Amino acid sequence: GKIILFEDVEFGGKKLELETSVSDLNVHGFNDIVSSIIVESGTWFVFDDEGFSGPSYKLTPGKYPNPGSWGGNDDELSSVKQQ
């Protein structure tokens, strides 16, 4: 699986590419800043709390240009897990 997290909407700003689960996005300086997402491959769950907990959102391959596109809130993702 490969997911790319973006600081700004419409795939702008700083980006973080991940191929493994991350229980705490702070380790990569990406806690509570994500505003768009591209899933290149795999199914991913993204969570608003650390540790694969809090509000969760399922994402399959494709582009998600704003948090509404995954049903979520801006600047709230804290952990991500591969399905």
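When you see a residue number, it is the position in the sequence shown, counting from 1.
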Got a sec? Mean C-alpha B-factor, which is higher, 7-15 or 57-65?
57-65
Considering only modelled residues of the same chain, in which third does the CA B-factor of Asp49 rank: lowest, middle or highest?
lowest
Ranked C-alpha temperature factor of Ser78 among modelled chain residues, by third
middle
State the tercile, meaning the lowest, middle or highest third, of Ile37 with respect to the CA B-factors recorded for its chain.
middle
